[PDB]
RNA sequence: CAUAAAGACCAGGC
Ligand SMILES: [Mg+2]
Ligand SMILES: [Zn+2]
Ligand SMILES: [Zn+2]
Ligand SMILES: [Zn+2]
């Protein structure tokens, strides 16, 4: 759906690191370089960004109930 | 629907005593403490502190079930020494340690910054 | 009303003959998961009765290599009698030998 | 030699079925036919 | 009673024992316009 | 065969068979034959060459697709009873190349063997490392996993809709999942899993969940129930009308609260509705009035999401109302991995009490090790290692069933370089006393699926309630 | 020969090692609906006036 | 003009084109269309 | 409350219990009661029946209670035994090597309900006090109970010569005067079998104290099981780099022998065994060779196991799993069979399109060389699925006839 | 028969991290302190959420859920605030609560990101940890979100949103003398960052007389509490509990006798 | 006008065919939905492929207790143009007749 | 305190 705040296992904040993450991937760095540049060390944090699926961009295509 | 509210863990409602004390008839000079609304955080401390006292023959705790928040601590001491006194002395010693640890930790903080 | 009916109820045939008519066709599609939907859309149903305790209608035959999934099947009286399809399987739709 | 065992044989026993799937008869030999395989072979020919 | 349209999203005022067709889009499906009275959530 | 490979007089659909000992020659143009494509081998060499893959990798904006690959005579459709006349090779670089002679004449080679697996069986990482009944059990359970089923679900009105908050594509995925669209609509979440016997609440198939993760949104879902309601005219003067009943006008009256209804007898969305709460007021003029009004399913305790009012086939006013309830995973719910290991949650421990590594990581989910030996799912262990490599490396691992190129030993040698014990074993500290746990517990992320089955809907309790009409016995259901 | 009966509650089971052999965990809802009929005596009349 | 030992790319490119032209449910659509 | 799971096969599937109210949604029961109901915990439900009269409550209490039903009249064995974790932790806990410092003994004694309150004097007094696993477990065994059993790994050599009572492997068992002298417990001791320590506790002492025997074992050996912990990991499924060459050598030997036999049968040199068709004696010989192979490789993989390997920890105590599973994991999965025979010919005189017609060799007919750890080949995977389908079908079909 | 006197070394001190070493101490005190780092340290996080107009594609209590997991700056006023249960007045006062307000609508065609920076507080001392931006939700044009929230004082026992810290690393006896864990093959295991030993030898020789000391800690903050005051607040709270036991304990021993 | 035939979604005669992503979003349809099912009375029904024995080919089987040792048969249809089936058996009486 | 019928088929659970 949308990236969770507060990584499930440890509780670090991954919720603000999604957008900027994409930016890194948009330029050069592979995921291994981007996740280290964002400062996620223990892999319980890394699985938040690495395994995430963003469905919000899919849900924002359909027009809302009110114009 | 049957989930208990977020506090059965610490908050005490009407009538529950924090500590209840029951003597143990299986052994002379042995007592049993029941601590409502606590878990291993406190019990492990108190048990490990009661094992230093040379007059304490037995010290142990258990949670009879995790979904209930309770602690049972059995204490057996040497003759002419009440186990309640051993438990009080244990708590007082624990405070005497934690205060010192706070102060030395503050000194360490103030030293690590421009020291 | 005939097409709509025999698609609606799943009893397949004349409705006054529904006793003689075969049933089990056109179940409601499962919306639990997109995988469950893809599975329900690709499926086979053997007409052999479910109650029968005889084996080998049921068992896994060498002719099922690659056209039908060896692993996937319901569990119940239906073991081996309902067969999901392998990914590359394509049913020939038919033509004239003109 | 094979024998029906388990649930099907239990059905044959409990039902007291007229014709079982694997009827079998064991045969023992009194004399020198028992120990020697020759006379045993003779009885083998006489029972078949 | 205000029903939001399901086509042009133009709110219309309509009353009981009336057929439902939204004016100017001629569309037959309306939605109920989330209520007034306020409901509390716990952030848990 | 030439004319079919060129598709001149013969559609590629037609199958042709020469049975040599019976001297027959058969040609089937019939409908219903199940057939699959295969590569074509002339002598020892494939007809698929480098220019074909060059154009297929450039497939976008070349208007060059699979149909032009069939029109080149490279690939060919073959059905069952023609496979009796064919010789297949598993992979070209293995069975085509020369060794101590087995077979020369090979006429075909399968595209990739893992395509023999169906849709639900294609989501299993390393299915060949598992006992086959577990691949079957997983093909059964994978249909029941909660997730985001269709992206338009906000528009749709459906009964019994389960949706998961935070779906995740797996860390260990099969190459074929890409074509099941399982990246866009995953059902499940990855989790950190230590396989151990801990407090004894995971014994049998049960599973110990971290509660502090459950409070962070882990396996927390939404349940949409839909409610259909029909206004109609049947009798001459007898009609049904949407309206808010008044305490004494209508005949049938239940002590439940009608005060949530609006002027038209329909609850506005955003109202909390509980057991006995009355969603739709509906009355029937009585030749004064009768109450046909509809009630929630008992105890659901939820909020009205959406209310829509329309005209049906006949043209009467027809109202649908969708209530939704959020369900937090309990110690009664049912959780299954991707290999066929399923079980309930014995109990939930907070992050305090969960066993922790040197680095502070605590398992979200603990499963009992006795599940492994008899059930014989090793692909759960191998998956659990490949995910532990895949999380660190930044790459999503490849579990596709037959590589021959992914050894357990290679995965271990790749893990040992990141600072871990190469077998996945890792030192844990006890949660309660902080003492080290003597044995070294096996930890790694594995992808887990919440299941439709939940204890809140399976609980029932009975004291002297409604009674069957004919038998004067308690009701059924 | 068999029939649907009252004072019976079905639900899912979960392992608790901390009970005894003959005990069982009962959720509070199943324990809320299911009742036991009781006779009032001079012994229990106080407790039953409490309940 | 061969593709040895690079095969793991080839098989999945051709599978890619396959599921790109058709899809999973094509049996239904071809049955109903004919 | 009487308590039930469908179907009820025997009378131990309905047993009266003693209510205790707990949070959340689910019934909860001790796991020694697992085996009577056949239950495991995945989605299992059980009915709860409440007696409404004091008369019927007395009947249930003096007839259908669980502690009274321990020993079954069917097999004159105890129904309930130590199962899953607690049995493995009993084995590992009962070894000589287990030594316990003071506080650990304080906890384990704290979880004994029947304990007198008198701390036993440790096995090692000096330099530091150490209790032993057998020394605390001797406090569990109630009253004075007398039993002699033998551990699973106990060989038959120790009985013949010297070390009858020493048993260098710590094996056999002795329980005298309510005390455990020696021996390692397993499914053959605390588990359910004729004359097991629990059964002897039932007949000699009674049901009341036997219940507390179960419960005490459960609690104390779980709460000790926290300390060492138990696990399975890939390192437990891997053998030595030598054992792999051993196993593969044995396999290639076997397949070469099969080639020799088949090439004998092509020249007609194979003589039919009396009472057997040439196909029957051929399949007999090949089955002999292949079963010899998989058995030998199995025994090798079982000799390659370290004392630390956890597969051995589960299998030796009989808690769960069996030696054949270790064999299939480490060495060879083995021959797959459809309807009691080697994989048939679905096609015309061949099993799959890949194999050549009239191939009776080990690979074509479904002998699986690979192991679950290394992973199957595709054809061995399909043959394996065929082998499992028969099991699923038997499971589904037998139940109706058995119930009828 | 007396309490040991511990010591502390602070090695790394940053705004995200603290590495300190407690020496000459029991194991249970260590594990209990690292436990108080999670459980009992009070913090401010949003609890009470009321939504007015939600047109977003995310349903109400999903967003209301995600508002509670946003860290708030707890560095100062947590000592001042009172638990809502101990508050005198009905409902909410400035003593027991902090009010946050959210007003967003998307006028422009481009998607708008509703982030914690949009949350507005009545008091300056609590920012949503903005001195990047935690994403609350996204909004298409025409979509709108307006809501009130009250944040309270709570700690990690209640709900995980009150955990002040991220993963807390705890270690002792890094080179294994005490044999509290037994490696089947010691030569296969990498060595801890605190290892004192040469790289040729796997382990330290067995010490029968030793007991665990020199506990190595790492405390990584969530941003609500600066990691220097997480340990102080923790020790203060734990000590407060112990003093409470001494109190009510003494009262019981006096009353029953 | 003889009658209305239900339409399979996303087939050639559906209104959802040929439409790209944006159009399907304006129409509140999911681009991922594979289609291939029916909508009758609001429910979504899926015709399940029904296994049957092939037609026009001669078969030979042997039943245990039959009067026949060998039964060949042809289940035969014409083109699918008309009629359900016509089943003809050609069998060989067992020589075990006493 | 009463009404929501019954039956049919299908899917699933152990
Ligand atoms: Mg079960
Ligand atoms: Zn993390
Ligand atoms: Zn409109
Ligand atoms: Zn206030």
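Swiss-Prot numbering applies to chain F: residues 588-874, 888-1077, in that order.
Cβ coordinates come from backbone N, Cα and C, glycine included.
Feature annotations, reproduced from Swiss-Prot:
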BINDING   F:731, F:841, F:890, F:942  RNA binding site
BINDING   F:792  Mg(2+) binding site
MOD_RES   F:937  phosphoserine
MOD_RES   F:1052  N6-methyllysine
For this session: Translate the DSSP assignment of residue F:841 (RNA binding site) into the three-state scheme.
Result: coil
Problem set entry | Spatial neighbours, same chain, of residue F:841 (RNA binding site) - Cβ under 8 Å, 6+ residues apart | F:863, F:891, F:895
Exercise. Can you tell which of the recorded positions F:937, F:942, F:1052 lies nearest to the residue listed as 'Mg(2+) binding site' in space, using Cα positions?
Worked result: F:942
For this session: Tell me, if you would, which residue among F:731, F:937 (recorded positions) has the fewest other CB atoms within 10 Å in the structure shown?
Result: F:731
Problem set entry | Chain-internal residues, separated by at least six, CB under 8 A from residue F:942 (RNA binding site) | F:724, F:728, F:792, F:934, F:935, F:936, F:1051
Seminar exercise, completed: Residues among the recorded positions F:731, F:841, F:890, F:937, F:1052 lying close to chain I by Cβ (under 8 Å) are none
Seminar exercise, completed: Least surrounded, by Cβ count within 10 Å, of the recorded positions F:890, F:1052 is F:890
For this session: Sorry to bug you, but what's the C-alpha spacing from the residue listed as 'phosphoserine' to residue F:731 (RNA binding site), rounded to the closest Å?
Result: 12
For this session: Starting from the Cβ of residue F:792 (Mg(2+) binding site), draw a 10 Å sphere and report how many other Cβ atoms land inside it.
Result: 24
Exercise. Can you give the largest Cα to Cα distance in Å, as a whole number, for the residues F:731, F:841, F:890, F:942 that bind RNA in the record?
Worked result: 49
Exercise. Using a Cβ-Cβ cut-off below 8 Å, which of the recorded positions F:841, F:937, F:942, F:1052 are near chain C?
Worked result: F:1052
For this session: Using C-alpha atoms only, work out the spacing between residue F:1052 (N6-methyllysine) and residue F:937 (phosphoserine) and round it to an integer in Å.
Result: 14
Seminar exercise, completed: Rounded Cα distance in angstrom between residue F:937 (phosphoserine) and residue F:890 (RNA binding site) is 51
For this session: According to DSSP, folded down to helix, strand and coil, what is residue F:1052 (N6-methyllysine)?
Result: coil
